[PDB]
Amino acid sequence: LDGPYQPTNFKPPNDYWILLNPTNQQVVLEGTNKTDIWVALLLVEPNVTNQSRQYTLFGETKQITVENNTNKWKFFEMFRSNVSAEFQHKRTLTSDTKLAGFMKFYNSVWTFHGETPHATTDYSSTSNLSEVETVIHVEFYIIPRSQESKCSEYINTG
């Protein structure tokens, strides 16, 4: 397993999973190509009553309503496709492992969503994948797409 790597700001290589390993960071990852994709993964701890929380995404202060009725951690995948748009809550990963994933592949950004141990991948399309850069606020590992079955096993079982 390649890593752990320290939090960083870099352009992740195509066709590799970034496996994200937070402790208590509220913003786990911010990725954008500054044109048609913004992705932020927010971490919401177990047993959080419906409330507004403040997050700094891409240098902008945002108020985002969160809730987590479960004993699992939730990664909220916040998305927009235009610099002037509000973020939408696109997907959730509900996790007992506290691991999330991010990959640039096939003109798309890929993430895991759903509830462990049945979390699966889905994508957001981009016209400029090569310019997607990520601020990663957590320890992480790198896994080639060839070994996605191992990435899925980590996401779902730790």
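Sequential numbering from 1, following the sequence displayed.
Chemist: I need to verify one thing: averaged over C-alpha atoms only, is the B-factor higher for 64 to 72 or for 50 to 58?
Modeler: Mean CA B-factor is higher for 50 to 58.
Chemist: Do the CA atoms of 121 to 129 or those of 105 to 113 have the higher mean B-factor in the entry?
Modeler: Result of the comparison: 121 to 129.
Chemist: How does the C-alpha B factor of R145 compare with the rest of the chain: lowest, middle or highest third?
Modeler: As the PDB entry reports it, the C-alpha B-factor of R145 lands in the middle third of its chain.
Chemist: Splitting the chain's C-alpha B-factors into thirds, which one does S152 fall into?
Modeler: Middle third.
Chemist: Among the chain's modelled residues, which third holds the C-alpha B-factor of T94?
Modeler: Its C-alpha B-factor belongs to the lowest third of this chain's values.
Chemist: Could you place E45 in the lowest, middle or highest third of its chain by Cα temperature factor, using the values in the record?
Modeler: As the PDB entry reports it, the C-alpha B-factor of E45 lands in the lowest third of its chain.
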